[PDB]
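Report on the structure
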Amino acid sequence: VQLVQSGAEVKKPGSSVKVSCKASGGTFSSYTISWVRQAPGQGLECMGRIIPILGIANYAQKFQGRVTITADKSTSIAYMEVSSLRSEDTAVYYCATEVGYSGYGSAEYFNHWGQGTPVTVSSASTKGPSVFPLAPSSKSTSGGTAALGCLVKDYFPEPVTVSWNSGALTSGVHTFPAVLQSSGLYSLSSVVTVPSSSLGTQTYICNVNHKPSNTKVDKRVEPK
Amino acid sequence: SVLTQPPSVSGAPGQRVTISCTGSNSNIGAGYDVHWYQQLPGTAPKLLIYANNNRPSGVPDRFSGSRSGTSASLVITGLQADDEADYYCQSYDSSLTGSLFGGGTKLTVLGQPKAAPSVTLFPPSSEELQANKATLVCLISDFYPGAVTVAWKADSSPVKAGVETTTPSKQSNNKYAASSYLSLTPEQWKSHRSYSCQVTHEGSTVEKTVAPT
Amino acid sequence: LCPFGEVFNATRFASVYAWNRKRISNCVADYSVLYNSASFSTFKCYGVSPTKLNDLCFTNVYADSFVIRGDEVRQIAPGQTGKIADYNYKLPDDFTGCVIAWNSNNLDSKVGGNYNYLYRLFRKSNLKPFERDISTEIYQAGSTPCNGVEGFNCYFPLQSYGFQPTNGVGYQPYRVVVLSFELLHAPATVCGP
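Its PDB record attributes the structure to X-ray crystallography, giving the resolution as 3.11 Å.

Structure below.
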């Protein structure tokens, strides 16, 4: 998309985080830089602005000392930082270029938006997933078609991936979005739909990679 | 003050659709213009309309804007399925001394094949029970519309604690998928003779049941 | 009851190049409580009776607030020229309304400077009455290409006021409010006491 921000970020309560923004479709030229925040399932809120050429920063009242935005015209990059992170400040933070015009009711509009960098604040230290097999009950699923899967459990942070049989198995493979638990750890399930005749013959292994925890797990799913 | 938007509006393919953006005298009440953005789920917002009656090259011809007093309207004449998204309006507020957004509106194009859910239930594996943990898994897929309710029952009795369900999210085929997890202790799993997951969707209610045996 | 005080006793004011306007309708504007303060050094009205200020009905009443230097308040009047009047805020020759200003050095000035307040220094044409220009585009002076980057004859249209407690009253910050009255063919939303 239109400006390139940093990668995802996961932080503990009380930490501070700094994010970056670079330009696509432009060269930061005469564009004011804004920061807008989208809480989970919530509307957009603009917290800050930076004038690259003049190096003058204006922040919204809901902004406190906590948010501080700077920008280098030479480097072509723009930055923002937050301190004293808490549960509240979990969102996709956007950097966007403001545009102005001359007119009677002039109001700035954002023509270019970054990719979004989602910052998550949790007390959950990184943990590996527990992958248990979901044995197929050939008679309790479709006639002649079985449903077997894997249960990734208790993993933080969220990035995780599941491929069946080293990626050779794709049909019937439907992975489900992980859920967030009262503990703060994630858990998902990936099931596949296969013929019952191949249950005793074909071998089935889900391949899970939890890149944050650097954990790879292979588990065979055999019938009971 | 703030800008107010319909939380949700539904439209049929080909119909006109009118999304509102009303503000007090602090923002839209003065000359301050309104600006509209289209934002697909998971994508960064993109400018849709600036100055209300102007759209950047790349915004199709059916999007328009109008103003009359302290209100503002985004119109989609020939509604298409490519319009399912969030829509926010943006203007300036004098009391805020800054730009201001609206609540947003989700536009659901009501032109899709209604589909019944595919519920699949899994009992706690024997490997997990050794970990002093028991988890039931209720997979729901290929159901439209996306709104669904999940009720668990042990021995036909309603559940109370320990239930967590995900939010229906569209799949690759434009239908929706959701997951429900009943976390139990090993003693509770084997104590009850049958645990059941029940999923109601547009009157149709589907049930699956597992047993410790 | 008309809430005029909120714009006068506001925490933060806008920049002159991007002034803030607030409509004030459906209220009863008792201007007698506005003359209370002696703090408004420059209070001038244009086109209104001296006594009927509180005894008049107006369809609409707008407010326009911003911050400029003390010597530029003379430019907040019909038929004026200069950097503020041609490039930032222009009243019409037939203006109907008052103009209030007051010293805010005690608030809008920082040890070292408060450069957050800006003014437009370059513009090709003059601003039409009540037209706002917030274009942060490089100003081309003559025929030198800018490529969206500063250079010869290519300058950023905005510039910053350097407000410091140590500056002279002519260069100190002043907070301006331009109450502009409107009489339209419609029931008056704003009527005085």
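This is not the end of the story, as more comes after the structure.
When its secondary structure is counted, chain B shows two helices and 19 strands. The globule rule puts the C-alpha radius of gyration for 213 residues at 17 Å, and the 23 Å found for chain B is more than 25% above it. Each of the 213 residues in chain B was classed as buried or not, and the buried ones make up 47%. Considering only intrachain contacts with a sequence separation of at least 6, the fraction spanning at least 24 residues in chain B is 57%. As presented, chain B carries roughly 9400 Å² of accessible surface, and 49% of it is formed by carbon and sulfur atoms. For chain B, the distance from the average position of its 15 positive side-chain charges to the average position of its 15 negative side-chain charges is 4 Å.

Turning to the state of the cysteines, a few remarks are in order. In the structure shown here, the tally under the stated rule is eight disulfides over all chains. Note on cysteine connectivity: C:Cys57 is disulfide-linked to C:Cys191, with sulfurs 2.0 Å apart. Residues C:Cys57 and C:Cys191 are joined by a disulfide whose S-S torsion is about 115 degrees; by sign, that bridge is right-handed. One end of the pair, C:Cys57, is in strand β4 (residues 57-58); the other, C:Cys191, is in strand β13 (residues 190-191), with 134 residues separating them in the sequence. Between the sulfur atoms of C:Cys146 and its disulfide mate C:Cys154 the distance is 2.0 Å. An S-S torsion of about -80 degrees defines the bridge between C:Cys146 and C:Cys154 as left-handed. Grouping residues by exposure puts C:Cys146 and C:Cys154 together as buried. When the bonded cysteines of chain C are numbered from the N-terminus onward, they pair as 1-2, 3-5, 4-8, 6-7. Within chain B, bonded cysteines paired by disulfides and numbered along the sequence follow the pattern 1-2, 3-4. Residue A:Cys46 stays outside any disulfide, its sulfur separated by 12 Å from that of A:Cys95, the closest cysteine.

With that settled, the discussion passes to the sheet that holds strand β1 (residues 3-5) of chain A. Strand pairs in the sheet, formed through backbone hydrogen bonds, run parallel or antiparallel to each other. Residue and element names in this part refer to chain A. Spatially, four strands are ordered β1-β3-β8-β7 in an open sheet, and the strand pairing comes out antiparallel. This sheet does not close on itself; its edge strands, each paired only once, are β1 and β7 (68-72). Strand-to-strand, the axes of this sheet are offset by a mean angle of 20 degrees, without reference to chain direction.

Attention now moves to the interface of chain A and chain C. Contact residues are listed per partner, giving 22 residues for chain A and 23 residues for chain C. Taken together, both faces of the contact between chain A and chain C bury some 1600 Å²; the carbon and sulfur share is 53%. Interface area lost by chain A to chain C is led by A:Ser30, A:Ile56 and A:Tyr104, which between them contribute 31%. Put simply, chain A and chain C have one salt bridge between them. Residue C:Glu150 is joined to A:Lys73 by a salt bridge in which the shortest nitrogen-to-oxygen separation is 3.0 Å. At the boundary of chain A and chain C, one finds six residue pairs in polar contact.

Let's shift gears to the packing of aromatic side chains. Residues and elements named next belong to chain C. Tallied over the full model, the rule gives 32 aromatic pairs over all chains. Measuring from ring centre to ring centre gives 6.1 Å for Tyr 46 and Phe 95, while their planes differ by 55 degrees; the resulting arrangement is tilted. On the criterion of sequence distance, the pair formed by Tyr 46 in strand β3 (residues 42-46) and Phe 95 in the loop between α2 (83-87) and β6 (97-103) is long-range, its members being 49 residues apart. By relative accessible area, which is 6% here, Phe 95 ends up buried. Their ring planes at 45 degrees and their centres at 4.4 Å tell us that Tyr 119 and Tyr 161 sit as a pair that is tilted. Taken together, the residues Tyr 119 in strand β7 (residues 118-120) and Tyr 161 in the loop between β11 (158-160) and β12 (173-182) connect sequence positions 42 residues apart.

What follows deals with the side chain of C:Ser109. Residues and elements named next belong to chain C. Looking at the element boundaries, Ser 109 is found in the loop between β6 and β7. Among the polar contacts made by the side chain of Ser 109, one reaches the main-chain carbonyl oxygen of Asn 105 at a distance of 2.3 Å. Aside from chain neighbours lying at most four places away, what touches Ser 109 is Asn 114, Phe 163, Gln 164 and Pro 165.

Scoring rules and cut-offs
- Numbers attached to residues count from 1 within each chain as its sequence is written and can disagree with those in the entry; no residue without coordinates is shown.
- Written order decides the labels, with chains lettered from A and ligands numbered from 1.
- Note that water and hydrogens are dropped before the side-chain values are worked out from all heavy atoms of the structure.
- Counting from the N terminus, the helices are DSSP H or I runs at least four residues long and the strands are E runs at least two residues long.
- Atoms counted for the radius of gyration: C-alpha only. Globule rule: 2.2 Å times residue count to the power 0.38.
- Only protein chains enter the calculation, and the probe is 1.4 Å; a residue is then buried if its accessible area is under 20% of its type maximum, exposed if over 50%, and partly exposed in between.
- Working rule for contacts: check all heavy atoms of both residues, and any pair within 4.5 Å makes them a contact.
- Under the convention used here, a 1.4 Å probe and the Shrake-Rupley method define accessible areas, while residue burial counts only the protein chains that appear.
- In summary, the charge assignment counts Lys and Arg as positive and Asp and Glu as negative, without counting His or the chain termini.
- Where a charge lies is defined by one atom per residue type, namely NZ (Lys), CZ (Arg), CG (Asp) and CD (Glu).
- Defined by distance alone, a disulfide is two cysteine sulfur atoms within 2.5 Å.
- Whether two strands pair depends on DSSP finding at least two bridges between them.
- Here the axes come from fitting lines to C-alpha atoms, over the contacting stretch only for helices, and the angles between their N-to-C directions go from 0 to 180 degrees.
- The term buried area refers to how much accessible surface (probe radius 1.4 Å) is lost by two components on association, counted for both of them together.
- Think of a salt bridge as a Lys or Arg side-chain nitrogen and an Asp or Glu carboxyl oxygen that are within 4 Å of each other.
- Distance and chemistry together define a polar contact, namely a pair of N or O atoms within 3.5 Å, with one atom able to donate a hydrogen and the other to accept it when in protein, and with adjacent residues in sequence counting only for side-chain atoms on both sides.
- Classification of ring pairs uses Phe, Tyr and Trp, with its six-membered ring standing for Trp, and accepts pairs whose centres are within 6.5 Å; under 30 degrees between planes counts as stacked, over 60 as edge-to-face, and the remaining range as tilted.

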